[PDB]
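The block underneath contains the structure these notes are about, expressed in structure tokens.
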Amino acid sequence: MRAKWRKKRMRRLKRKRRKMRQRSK
Amino acid sequence: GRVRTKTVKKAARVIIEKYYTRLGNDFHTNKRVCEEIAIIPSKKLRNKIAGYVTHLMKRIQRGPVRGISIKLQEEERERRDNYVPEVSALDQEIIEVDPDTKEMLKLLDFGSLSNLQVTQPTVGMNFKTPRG
Amino acid sequence: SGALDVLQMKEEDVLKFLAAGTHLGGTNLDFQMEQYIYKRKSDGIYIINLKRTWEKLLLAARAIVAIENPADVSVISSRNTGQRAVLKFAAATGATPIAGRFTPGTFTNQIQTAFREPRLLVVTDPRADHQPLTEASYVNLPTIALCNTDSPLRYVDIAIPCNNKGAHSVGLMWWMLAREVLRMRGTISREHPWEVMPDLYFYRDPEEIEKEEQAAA
Amino acid sequence: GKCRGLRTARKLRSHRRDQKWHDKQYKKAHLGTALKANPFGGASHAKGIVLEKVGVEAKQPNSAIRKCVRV
Amino acid sequence: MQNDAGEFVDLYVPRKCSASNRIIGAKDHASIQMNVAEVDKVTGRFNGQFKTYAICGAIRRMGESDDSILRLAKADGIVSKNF
Amino acid sequence: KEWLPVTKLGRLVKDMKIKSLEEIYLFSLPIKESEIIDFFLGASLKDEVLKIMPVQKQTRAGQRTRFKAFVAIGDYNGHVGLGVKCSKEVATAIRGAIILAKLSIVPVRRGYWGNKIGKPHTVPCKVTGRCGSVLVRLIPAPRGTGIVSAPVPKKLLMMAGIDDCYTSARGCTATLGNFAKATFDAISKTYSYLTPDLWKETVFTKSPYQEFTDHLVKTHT
Amino acid sequence: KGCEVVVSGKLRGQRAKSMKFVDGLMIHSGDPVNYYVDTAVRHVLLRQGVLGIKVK
Amino acid sequence: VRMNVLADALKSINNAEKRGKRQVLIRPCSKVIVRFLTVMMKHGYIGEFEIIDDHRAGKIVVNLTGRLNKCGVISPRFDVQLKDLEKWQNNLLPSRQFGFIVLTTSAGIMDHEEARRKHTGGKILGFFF
Amino acid sequence: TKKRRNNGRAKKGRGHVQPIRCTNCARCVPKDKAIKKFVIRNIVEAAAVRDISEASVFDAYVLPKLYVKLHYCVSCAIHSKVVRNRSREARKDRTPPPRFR
RNA sequence: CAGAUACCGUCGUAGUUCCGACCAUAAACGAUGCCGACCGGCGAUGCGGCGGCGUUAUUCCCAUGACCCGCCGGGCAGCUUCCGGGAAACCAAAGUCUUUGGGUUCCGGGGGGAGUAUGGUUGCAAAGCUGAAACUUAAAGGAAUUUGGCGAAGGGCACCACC
RNA sequence: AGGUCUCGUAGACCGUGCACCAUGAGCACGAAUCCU
Ligand SMILES: [Zn+2]
């Protein structure tokens, strides 16, 4: 795996973690 | 594919360098010489040697080759580079000389020689080729 | 080298220099050759000194007569321009000639039959014969060279500036070099003209060989 | 050795200090997390009680099972 | 080489070049001891006097040893002062 | 077991016209016969092996093994050398190694530490030798300290005859060939370092080949 | 003008290894192998195995 | 920008020494170079040196011979006492038989042996061997 | 590791050049990096020029040429046999190939 | 194609373009920080200046535009090198280095975890900067020589290959 | 007035993509010195 797509899946999981942060206060 | 190996070429080389006077362009005659002068274990190799000596005789008869040093053609080079001619082509009555070289010969140890003839200088120094 | 009032040119050596065209050089220069060259004239040909080259022939002659064994001077020419004058020089002075295809094992390979290691190494062109100098580097061997203005100066000890392109200039200066060697040796006189011919050192194309054969007897 | 001046030494102190904090043995030897993660608490030996025995397997070049206890 | 008594400790002293004045190693085979001749003062012939010169391998590989030998012979008195 | 020389230097040595290898190193003639040094150094020259190392080359069918041996020779009050030879079998490997070691030996100088009494014990000055990545530095030491280093330049300095030295190293000294060549560079550079002892202009004696080239040309052709 | 000795068997281990020591000139192919080369093959009875000798 | 004059002068003469030149053109003419080269002459390392003076920073012409190995400059100007000079000549000087460490003092500029004889220390300047 | 002293292009003190496209494909390639070919061509080759010659109105009528400039990417250059790889020691030769005919 | 929401072909929303308000990310790479001193050559190139034969704006003159022969200073670069350095590829700097010190800013200590969680901070949003620990592993990596395998290329060969 | 100007005739650089083409169970490897 190259670094670009693991950075992309990091961005996706960080986005969904921020969504669960805003929906789980 | 009929090419000669190194053994037959070296054998023909040494027997054509050491024996030349008792030879000839006829295949059978120098084949019998190859019988007489050299102990050969085979006969096909004998035919190979005799044919190659015949071919090298046809190569010698048009000019010298760079594999042998035969005494009949030897000392022809020595006579040809050992002659002396009458004129040396250097003690001429005319020597053609540039003005800057005249200024050089003015300053060495002479002032003017009686075999000294000058040219005019050139009009343009376009000497180097156009490359870019 | 010129310290005496006998060891100069009288009238004729500069005449032979003018006849052979030894004063004409190449267009490009070297960074070590500005002191051996007078100036630069028109049409891009460097004009060289003659006193300096005379001093270089005197120094090289002193180096040759310095050793006592005449067989310990190896003189090498691979180019065809001066390959015969090397043989005549070795015939006149007893030197060891190499003419054409200097094999890379004469100085450093011991098991070969052609194993030579003399006092003196004399060569005709450092530009063309870049090969024997690098092999003679590994033995304590000095180098006498016949240098042009475009020739690189490397593993050199005495650089004689000359015109090593025309065969007449080269054969003339080998004839003068042999003349100085026999003068300091004492075989020939210093004032009596011993000149057998200078034509014995000149090389020429085989077309002119055939032309001279048909023109002469 | 980069800074060569007669009155620059606090810069060298701060540089050596930060570059010492960028270590590994000095990082573990001067933090409470590395000492508190040690189950011994910086002790040579410790006592305990055994609950059950667990048989763990070895690594793939050397195939065996090693007898161990859970303390 | 000497001591408080006075004997020379070193087995030999290595040569230095007369132009370079740096020492030459034991395995520097490019360093040479070139020898020139001296001429008689009236007749112009060899007599037997030698002027041995030495040059290092670094300048010889550089190729500027020829002017060094020229300067050495000028200081010796071989090459003409006009030149 | 007689000797037939192939060089003119070997012939002049066999004509007993060389007293010692001192003037041979002084004029720096190339030594290319191993039997000349054997003729010079007799019972005082002994050796010991350093390492036998396997070197393998992969070909079409299997692997091709080839063994290289490092040996260090040396007389215990002077000249030492190092020789490496690589071959298939170990016997001609060690034979070519000791022969090539006898081909390349160098003279050394020993100096004093502060005061000048008796015979020397240590290097005259700080010399450094580099090859590959290894840094080898030899520093003079007082009398009676002894050679302190890594064990194999320690035993090489024991072959050197040097009694005391202070040594420091940098990099991978595990490569014993590179380490041995680096410390040989450090030892062999003891003449290529100008000191105030040799500041007079040296007198030039005649070359030995210049001295006996008449005998050589009357002996051989 | 040339000889060799070829040995094989169980030497200093459990795997079979062969050692050959050549010196000089030796001819493989053709008729002149018949009246110039003499070959002897023998079995050596050691303790750990049987060893072979090849001499030409 | 030119900061230390003696460092540039010693670097230039050291480079021309290792290359093999005989005549060296040192760009500035500060008097510390003059004192350093007088120490070098009376030590016997180099020969004669010239000085070209004008209405600006003139040049230095130094005649070289093959008797100098390396001259260096310690920067910045460290303070060396008489009790600590032996550690400096241990970690800096190549041998105890030769090599000299110049230093500036209140009684002038000289090598280390004159400083030990006259019992005075000062700041460091450089070294040569 | 480093393969060339340059980087397959002609940018030394510039930083950016205007990119162009290819001819065989449509790959966007910078100008100094792209291999460019400019071959002079005829409309008809040496078999049809005679049938132009005697079957024409005007005698000695000189035939016009085909001047077109081609720019290739390096992949389609090597694949269509425009440039060929050489050895590492023989890579350092900037002269064009000789034109015997 | 077995499967093709991929390679290919036809349409095609946002975007690609300009104005204005924003984020400050790249293989933003000469993967080589800034200033200054020193140590070899050669041949062209761009600017400004200097000297000199001749040709041309048609035949005489002046300096000019265009040249040719050379020089100076700055700049992009090129070839060879036993200066020197390095693990080597290579570098006229990546040199002047155990013989280690010209002045100065930032930055890295095996490989993952991880540029991750948390804390701070800026933004409309996307996100940017600062930034761990626990735990696991004896390897992860750089240069280069030799057989290997290329749906890589050049010369040939084989009725155990083809026509 | 003569009535085929002379000297040898690489005189082939016509062309560009090219169908679909995946995977391989681990056990099975050893490093050296000289004479009597
Ligand atoms: Zn394309």
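Residue numbering restarts at 1 for every chain of the structure tokens, chains are lettered A, B, ... in their displayed order, and ligands are numbered from 1 as they appear.
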Applying 12 Å and only C-alpha atoms (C1' of nucleotides), which residues near residue B:27 remain after dropping the ones on its own chain fewer than 5 positions away? List them as a VMD selection string.
chain B and resid 32 to 34 46 to 58
Print the selection's residues with C-alpha atoms to a file, as a CSV table (one decimal), in the first residue's frame.
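For reference, result-v7.csv as written:
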chain,number,residue,atom,x,y,z
B,32,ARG,CA,55.2,-33.3,-51.4
B,33,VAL,CA,57.4,-30.7,-49.8
B,34,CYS,CA,55.0,-30.8,-46.8
B,46,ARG,CA,48.2,-32.6,-44.8
B,47,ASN,CA,45.8,-31.5,-47.5
B,48,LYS,CA,44.7,-28.6,-45.3
B,49,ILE,CA,48.4,-27.5,-44.8
B,50,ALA,CA,49.2,-27.8,-48.5
B,51,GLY,CA,46.1,-25.9,-49.7
B,52,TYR,CA,46.8,-23.1,-47.2
B,53,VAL,CA,50.5,-22.9,-48.3
B,54,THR,CA,49.2,-22.6,-51.9
B,55,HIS,CA,46.8,-19.8,-50.9
B,56,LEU,CA,49.5,-18.0,-49.0
B,57,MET,CA,51.8,-18.3,-52.1
B,58,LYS,CA,49.0,-16.6,-54.1
Show me which residues line ligand 1, defined as having an atom within 12 Å of a ligand atom where only C-alpha atoms (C1' of nucleotides) and all ligand atoms count, and present them as JSON, numbers by chain.
{"I": [20, 21, 22, 23, 24, 25, 26, 27, 28, 29, 34, 35, 36, 70, 71, 72, 73, 74, 75, 76, 77, 78, 79, 80, 81, 82], "K": [16, 17]}
Need to verify the contact set: stretch 52-54 of chain G, 12 Å, only C-alpha atoms (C1' of nucleotides), exclusion of same-chain residues closer than 3 positions in sequence. Can you return it as a ChimeraX atom specification?
/G:3-11,16-22,38-46,49
File of the preceding selection, N, CA, C and O atoms, as an mmCIF file, in the first residue's frame:
data_model
loop_
_atom_site.group_PDB
_atom_site.id
_atom_site.type_symbol
_atom_site.label_atom_id
_atom_site.label_comp_id
_atom_site.auth_asym_id
_atom_site.auth_seq_id
_atom_site.Cartn_x
_atom_site.Cartn_y
_atom_site.Cartn_z
ATOM 1 N N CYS G 3 48.301 -35.114 -14.712
ATOM 2 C CA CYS G 3 47.602 -36.133 -13.944
ATOM 3 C C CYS G 3 46.527 -35.467 -13.101
ATOM 4 O O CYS G 3 46.521 -34.247 -12.921
ATOM 5 N N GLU G 4 45.613 -36.286 -12.584
ATOM 6 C CA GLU G 4 44.648 -35.799 -11.611
ATOM 7 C C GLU G 4 44.232 -36.935 -10.689
ATOM 8 O O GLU G 4 44.380 -38.116 -11.015
ATOM 9 N N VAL G 5 43.722 -36.553 -9.520
ATOM 10 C CA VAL G 5 43.150 -37.478 -8.550
ATOM 11 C C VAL G 5 41.781 -36.947 -8.150
ATOM 12 O O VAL G 5 41.660 -35.804 -7.694
ATOM 13 N N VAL G 6 40.750 -37.769 -8.326
ATOM 14 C CA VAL G 6 39.378 -37.402 -7.992
ATOM 15 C C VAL G 6 38.879 -38.355 -6.917
ATOM 16 O O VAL G 6 38.857 -39.574 -7.124
ATOM 17 N N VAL G 7 38.483 -37.805 -5.770
ATOM 18 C CA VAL G 7 37.947 -38.584 -4.658
ATOM 19 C C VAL G 7 36.544 -38.068 -4.356
ATOM 20 O O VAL G 7 36.218 -36.909 -4.650
ATOM 21 N N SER G 8 35.693 -38.950 -3.838
ATOM 22 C CA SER G 8 34.343 -38.609 -3.415
ATOM 23 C C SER G 8 33.893 -39.590 -2.343
ATOM 24 O O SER G 8 34.419 -40.702 -2.248
ATOM 25 N N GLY G 9 32.920 -39.181 -1.545
ATOM 26 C CA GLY G 9 32.397 -40.035 -0.502
ATOM 27 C C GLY G 9 31.857 -39.207 0.647
ATOM 28 O O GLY G 9 31.340 -38.112 0.453
ATOM 29 N N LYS G 10 31.996 -39.765 1.846
ATOM 30 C CA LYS G 10 31.479 -39.165 3.071
ATOM 31 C C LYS G 10 32.657 -38.564 3.833
ATOM 32 O O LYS G 10 33.380 -39.272 4.539
ATOM 33 N N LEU G 11 32.848 -37.253 3.690
ATOM 34 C CA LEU G 11 34.002 -36.559 4.250
ATOM 35 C C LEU G 11 33.540 -35.548 5.293
ATOM 36 O O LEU G 11 32.819 -34.601 4.960
ATOM 37 N N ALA G 16 27.523 -35.755 1.042
ATOM 38 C CA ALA G 16 28.549 -36.225 0.124
ATOM 39 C C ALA G 16 29.209 -35.053 -0.591
ATOM 40 O O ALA G 16 28.540 -34.183 -1.155
ATOM 41 N N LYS G 17 30.539 -35.045 -0.570
ATOM 42 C CA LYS G 17 31.302 -33.999 -1.234
ATOM 43 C C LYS G 17 32.474 -34.636 -1.962
ATOM 44 O O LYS G 17 33.029 -35.642 -1.513
ATOM 45 N N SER G 18 32.842 -34.038 -3.092
ATOM 46 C CA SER G 18 33.879 -34.574 -3.958
ATOM 47 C C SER G 18 35.006 -33.565 -4.107
ATOM 48 O O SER G 18 34.772 -32.365 -4.279
ATOM 49 N N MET G 19 36.235 -34.068 -4.039
ATOM 50 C CA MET G 19 37.435 -33.258 -4.187
ATOM 51 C C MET G 19 38.232 -33.771 -5.376
ATOM 52 O O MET G 19 38.454 -34.979 -5.503
ATOM 53 N N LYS G 20 38.657 -32.856 -6.244
ATOM 54 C CA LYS G 20 39.469 -33.194 -7.408
ATOM 55 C C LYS G 20 40.670 -32.257 -7.458
ATOM 56 O O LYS G 20 40.526 -31.042 -7.293
ATOM 57 N N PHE G 21 41.851 -32.828 -7.671
ATOM 58 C CA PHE G 21 43.107 -32.084 -7.721
ATOM 59 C C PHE G 21 43.738 -32.339 -9.084
ATOM 60 O O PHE G 21 44.225 -33.439 -9.351
ATOM 61 N N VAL G 22 43.744 -31.321 -9.940
ATOM 62 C CA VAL G 22 44.251 -31.440 -11.302
ATOM 63 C C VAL G 22 45.575 -30.694 -11.417
ATOM 64 O O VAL G 22 45.815 -29.716 -10.695
ATOM 65 N N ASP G 38 45.107 -43.833 -18.919
ATOM 66 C CA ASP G 38 44.799 -45.062 -18.190
ATOM 67 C C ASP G 38 44.017 -44.682 -16.940
ATOM 68 O O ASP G 38 44.483 -43.863 -16.142
ATOM 69 N N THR G 39 42.840 -45.276 -16.769
ATOM 70 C CA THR G 39 41.938 -44.948 -15.674
ATOM 71 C C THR G 39 41.764 -46.153 -14.758
ATOM 72 O O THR G 39 41.546 -47.275 -15.226
ATOM 73 N N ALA G 40 41.863 -45.915 -13.451
ATOM 74 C CA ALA G 40 41.627 -46.945 -12.451
ATOM 75 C C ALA G 40 40.616 -46.435 -11.434
ATOM 76 O O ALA G 40 40.785 -45.348 -10.874
ATOM 77 N N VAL G 41 39.568 -47.223 -11.202
ATOM 78 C CA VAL G 41 38.517 -46.893 -10.245
ATOM 79 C C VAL G 41 38.505 -47.975 -9.175
ATOM 80 O O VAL G 41 38.405 -49.165 -9.495
ATOM 81 N N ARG G 42 38.604 -47.567 -7.909
ATOM 82 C CA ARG G 42 38.681 -48.499 -6.793
ATOM 83 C C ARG G 42 37.756 -48.037 -5.675
ATOM 84 O O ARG G 42 37.440 -46.852 -5.547
ATOM 85 N N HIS G 43 37.329 -48.995 -4.854
ATOM 86 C CA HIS G 43 36.447 -48.746 -3.722
ATOM 87 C C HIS G 43 37.256 -48.802 -2.435
ATOM 88 O O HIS G 43 38.003 -49.759 -2.212
ATOM 89 N N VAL G 44 37.095 -47.790 -1.586
ATOM 90 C CA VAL G 44 37.775 -47.717 -0.298
ATOM 91 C C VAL G 44 36.753 -48.006 0.791
ATOM 92 O O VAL G 44 35.694 -47.370 0.843
ATOM 93 N N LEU G 45 37.074 -48.959 1.661
ATOM 94 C CA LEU G 45 36.181 -49.356 2.749
ATOM 95 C C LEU G 45 36.594 -48.608 4.009
ATOM 96 O O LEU G 45 37.526 -48.998 4.714
ATOM 97 N N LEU G 46 35.896 -47.514 4.290
ATOM 98 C CA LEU G 46 36.093 -46.776 5.529
ATOM 99 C C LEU G 46 35.040 -47.226 6.544
ATOM 100 O O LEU G 46 34.308 -48.191 6.312
ATOM 101 N N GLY G 49 31.443 -45.080 5.667
ATOM 102 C CA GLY G 49 30.909 -45.259 4.333
ATOM 103 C C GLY G 49 31.965 -45.825 3.405
ATOM 104 O O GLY G 49 33.039 -46.250 3.838
#
For stretch 40-45 of chain E, find every residue with an atom within 9 Å (counting only C-alpha atoms (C1' of nucleotides)), except residues of its own chain fewer than 4 positions away, and show them as a list in words.
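The filter keeps residues 4, 5, 6, 7, 183, 184, 185, 186 and 190 of chain C.
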Could you give me, as JSON, numbers by chain, each residue of chain D that DSSP assigns to alpha helix (DSSP H) when run on this structure's backbone?
{"D": [10, 11, 12, 13, 14, 15, 16, 17, 18, 19, 20, 21, 25, 26, 27, 28, 32, 33, 34, 35, 36, 37]}
Identify all chain J residues at most 10 Å from chain I by counting only C-alpha atoms (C1' of nucleotides); ligands do not count. Present them as a ChimeraX atom specification.
/J:30,76-77,89-90,142-143,152-154
Output the selection as a PDB file, in the first residue's frame - N, CA and C atoms (P, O5', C5', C4', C3', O3' and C1' of nucleotides) for each residue.
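Resulting contents of out-v6.pdb:
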ATOM      1  P     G J  30      14.742  21.192  -9.095  1.00  0.00           P
ATOM      2  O5'   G J  30      16.107  20.639  -9.700  1.00  0.00           O
ATOM      3  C5'   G J  30      17.339  21.304  -9.442  1.00  0.00           C
ATOM      4  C4'   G J  30      18.423  20.342  -9.026  1.00  0.00           C
ATOM      5  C3'   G J  30      18.116  19.525  -7.774  1.00  0.00           C
ATOM      6  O3'   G J  30      18.764  18.256  -7.865  1.00  0.00           O
ATOM      7  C1'   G J  30      20.020  20.864  -7.387  1.00  0.00           C
ATOM      8  P     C J  76      24.654  30.831 -11.583  1.00  0.00           P
ATOM      9  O5'   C J  76      23.926  30.120 -12.806  1.00  0.00           O
ATOM     10  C5'   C J  76      22.531  30.280 -13.011  1.00  0.00           C
ATOM     11  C4'   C J  76      22.099  29.719 -14.341  1.00  0.00           C
ATOM     12  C3'   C J  76      22.556  28.303 -14.641  1.00  0.00           C
ATOM     13  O3'   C J  76      21.777  27.318 -13.989  1.00  0.00           O
ATOM     14  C1'   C J  76      22.899  29.672 -16.543  1.00  0.00           C
ATOM     15  P     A J  77      22.503  26.087 -13.259  1.00  0.00           P
ATOM     16  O5'   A J  77      22.737  25.039 -14.433  1.00  0.00           O
ATOM     17  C5'   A J  77      24.033  24.535 -14.715  1.00  0.00           C
ATOM     18  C4'   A J  77      24.262  24.419 -16.201  1.00  0.00           C
ATOM     19  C3'   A J  77      25.410  23.521 -16.629  1.00  0.00           C
ATOM     20  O3'   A J  77      25.089  22.142 -16.607  1.00  0.00           O
ATOM     21  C1'   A J  77      25.573  25.560 -17.777  1.00  0.00           C
ATOM     22  P     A J  89      32.125   5.141  -7.601  1.00  0.00           P
ATOM     23  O5'   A J  89      30.628   5.493  -8.020  1.00  0.00           O
ATOM     24  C5'   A J  89      29.797   4.534  -8.660  1.00  0.00           C
ATOM     25  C4'   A J  89      28.358   4.987  -8.678  1.00  0.00           C
ATOM     26  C3'   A J  89      28.104   6.333  -9.335  1.00  0.00           C
ATOM     27  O3'   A J  89      28.012   6.246 -10.745  1.00  0.00           O
ATOM     28  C1'   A J  89      27.010   6.266  -7.243  1.00  0.00           C
ATOM     29  P     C J  90      28.658   7.394 -11.661  1.00  0.00           P
ATOM     30  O5'   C J  90      27.870   8.707 -11.227  1.00  0.00           O
ATOM     31  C5'   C J  90      28.492   9.981 -11.284  1.00  0.00           C
ATOM     32  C4'   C J  90      28.353  10.722  -9.977  1.00  0.00           C
ATOM     33  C3'   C J  90      29.081  12.054  -9.900  1.00  0.00           C
ATOM     34  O3'   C J  90      28.347  13.110 -10.493  1.00  0.00           O
ATOM     35  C1'   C J  90      29.517  10.792  -7.940  1.00  0.00           C
ATOM     36  P     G J 142      16.702   1.543   0.237  1.00  0.00           P
ATOM     37  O5'   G J 142      18.172   2.145   0.133  1.00  0.00           O
ATOM     38  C5'   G J 142      18.384   3.548   0.153  1.00  0.00           C
ATOM     39  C4'   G J 142      19.850   3.890   0.091  1.00  0.00           C
ATOM     40  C3'   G J 142      20.640   3.250  -1.039  1.00  0.00           C
ATOM     41  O3'   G J 142      20.492   3.944  -2.265  1.00  0.00           O
ATOM     42  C1'   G J 142      21.848   3.075   0.995  1.00  0.00           C
ATOM     43  P     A J 143      20.599   3.157  -3.659  1.00  0.00           P
ATOM     44  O5'   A J 143      22.161   2.913  -3.852  1.00  0.00           O
ATOM     45  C5'   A J 143      23.042   3.988  -4.140  1.00  0.00           C
ATOM     46  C4'   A J 143      24.478   3.526  -4.177  1.00  0.00           C
ATOM     47  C3'   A J 143      24.789   2.393  -5.145  1.00  0.00           C
ATOM     48  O3'   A J 143      25.015   2.858  -6.466  1.00  0.00           O
ATOM     49  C1'   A J 143      25.765   1.938  -3.030  1.00  0.00           C
ATOM     50  P     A J 152       7.085  -6.386 -21.373  1.00  0.00           P
ATOM     51  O5'   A J 152       8.630  -6.646 -21.678  1.00  0.00           O
ATOM     52  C5'   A J 152       9.143  -6.604 -23.004  1.00  0.00           C
ATOM     53  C4'   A J 152      10.121  -5.468 -23.193  1.00  0.00           C
ATOM     54  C3'   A J 152      10.992  -5.528 -24.439  1.00  0.00           C
ATOM     55  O3'   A J 152      10.327  -5.098 -25.613  1.00  0.00           O
ATOM     56  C1'   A J 152      12.333  -4.995 -22.577  1.00  0.00           C
ATOM     57  P     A J 153      10.687  -5.768 -27.029  1.00  0.00           P
ATOM     58  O5'   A J 153      12.160  -5.247 -27.347  1.00  0.00           O
ATOM     59  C5'   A J 153      12.393  -3.888 -27.689  1.00  0.00           C
ATOM     60  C4'   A J 153      13.865  -3.587 -27.831  1.00  0.00           C
ATOM     61  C3'   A J 153      14.645  -4.455 -28.800  1.00  0.00           C
ATOM     62  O3'   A J 153      14.450  -4.107 -30.159  1.00  0.00           O
ATOM     63  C1'   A J 153      15.875  -4.223 -26.806  1.00  0.00           C
ATOM     64  P     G J 154      14.598  -5.230 -31.300  1.00  0.00           P
ATOM     65  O5'   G J 154      16.171  -5.359 -31.514  1.00  0.00           O
ATOM     66  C5'   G J 154      16.938  -4.247 -31.947  1.00  0.00           C
ATOM     67  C4'   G J 154      18.417  -4.489 -31.785  1.00  0.00           C
ATOM     68  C3'   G J 154      18.998  -5.637 -32.591  1.00  0.00           C
ATOM     69  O3'   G J 154      19.239  -5.292 -33.944  1.00  0.00           O
ATOM     70  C1'   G J 154      19.804  -5.743 -30.374  1.00  0.00           C
TER      71        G J 154
END
Set the distance at 6 Å and use only C-alpha atoms (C1' of nucleotides): which residues neighbour residue F:165 once local chain neighbours fewer than 5 positions away are removed? I'd like the list as a ChimeraX atom specification.
/F:122,139-141,147
Atoms to include: N, CA, C and O atoms. Write the selected residues as a PDB file, in the first residue's frame.
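Resulting contents of again-v2.pdb:
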ATOM      1  N   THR F 122      58.285   3.963  20.952  1.00  0.00           N
ATOM      2  CA  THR F 122      56.991   4.373  20.427  1.00  0.00           C
ATOM      3  C   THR F 122      57.165   5.040  19.069  1.00  0.00           C
ATOM      4  O   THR F 122      58.281   5.205  18.569  1.00  0.00           O
ATOM      5  N   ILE F 139      49.208   7.235  18.288  1.00  0.00           N
ATOM      6  CA  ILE F 139      49.621   8.343  19.147  1.00  0.00           C
ATOM      7  C   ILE F 139      50.783   7.861  20.006  1.00  0.00           C
ATOM      8  O   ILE F 139      50.737   6.730  20.505  1.00  0.00           O
ATOM      9  N   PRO F 140      51.855   8.650  20.159  1.00  0.00           N
ATOM     10  CA  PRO F 140      52.983   8.218  20.995  1.00  0.00           C
ATOM     11  C   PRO F 140      52.613   8.088  22.467  1.00  0.00           C
ATOM     12  O   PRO F 140      51.723   8.774  22.973  1.00  0.00           O
ATOM     13  N   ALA F 141      53.314   7.186  23.145  1.00  0.00           N
ATOM     14  CA  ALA F 141      53.042   6.794  24.516  1.00  0.00           C
ATOM     15  C   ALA F 141      54.339   6.759  25.312  1.00  0.00           C
ATOM     16  O   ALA F 141      55.416   6.584  24.733  1.00  0.00           O
ATOM     17  N   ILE F 147      51.472  -1.822  24.082  1.00  0.00           N
ATOM     18  CA  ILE F 147      50.541  -1.570  22.991  1.00  0.00           C
ATOM     19  C   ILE F 147      49.119  -1.795  23.483  1.00  0.00           C
ATOM     20  O   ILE F 147      48.770  -2.890  23.939  1.00  0.00           O
TER      21      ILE F 147
END
Within 8 Å of chain B, which residues of chain C show up when using only C-alpha atoms, listed as an MDAnalysis selection string?
chainID C and resid 16 18:20 41:44 47 51 197:200
Show me, as a list in words, the residues that have an atom within 12 Å of stretch 5-8 of chain A when counting only C-alpha atoms (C1' of nucleotides), minus same-chain residues fewer than 4 positions from it.
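My reading of the contact set: residues 1, 12, 13, 14 and 15 of chain A; 114, 115 and 116 of chain J.
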Residue contacts of stretch 24-26 of chain G (10 Å, only C-alpha atoms (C1' of nucleotides)) excluding same-chain residues fewer than 2 positions away, as a VMD selection string:
chain G and resid 1 to 4 22 28 to 29 33 36 to 37 56
Write the selection just made, keeping N, CA and C atoms, as a short mmCIF file (atom, residue, chain, number, x, y, z; two decimals), in the first residue's frame?
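Saved file out19.cif follows:
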data_model
loop_
_atom_site.label_atom_id
_atom_site.label_comp_id
_atom_site.auth_asym_id
_atom_site.auth_seq_id
_atom_site.Cartn_x
_atom_site.Cartn_y
_atom_site.Cartn_z
N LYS G 1 53.05 -35.60 -18.31
CA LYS G 1 52.64 -34.28 -18.76
C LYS G 1 51.43 -33.75 -18.01
N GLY G 2 50.69 -34.63 -17.33
CA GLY G 2 49.51 -34.20 -16.60
C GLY G 2 48.75 -35.33 -15.95
N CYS G 3 48.30 -35.11 -14.71
CA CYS G 3 47.60 -36.13 -13.94
C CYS G 3 46.53 -35.47 -13.10
N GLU G 4 45.61 -36.29 -12.58
CA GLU G 4 44.65 -35.80 -11.61
C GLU G 4 44.23 -36.94 -10.69
N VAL G 22 43.74 -31.32 -9.94
CA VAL G 22 44.25 -31.44 -11.30
C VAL G 22 45.57 -30.69 -11.42
N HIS G 28 40.08 -35.44 -22.98
CA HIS G 28 38.83 -36.18 -22.83
C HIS G 28 38.39 -36.89 -24.10
N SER G 29 38.16 -36.14 -25.18
CA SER G 29 37.42 -36.62 -26.33
C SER G 29 38.34 -37.19 -27.40
N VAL G 33 42.19 -40.65 -26.29
CA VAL G 33 41.99 -40.98 -24.88
C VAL G 33 42.24 -42.47 -24.64
N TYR G 36 46.45 -43.07 -24.55
CA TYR G 36 47.24 -42.13 -23.77
C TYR G 36 46.77 -42.00 -22.33
N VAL G 37 45.53 -42.38 -22.02
CA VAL G 37 44.96 -42.19 -20.69
C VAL G 37 44.59 -43.56 -20.11
N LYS G 56 43.64 -40.61 -13.39
CA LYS G 56 43.85 -40.63 -14.83
C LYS G 56 45.21 -40.02 -15.13
#
Rounded to one decimal in Å, what is the spacing between atom CA of residue C:101 and atom CA of residue C:117?
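Atom-to-atom, atom CA of residue C:101 and atom CA of residue C:117 are spaced 17.9 Å apart.
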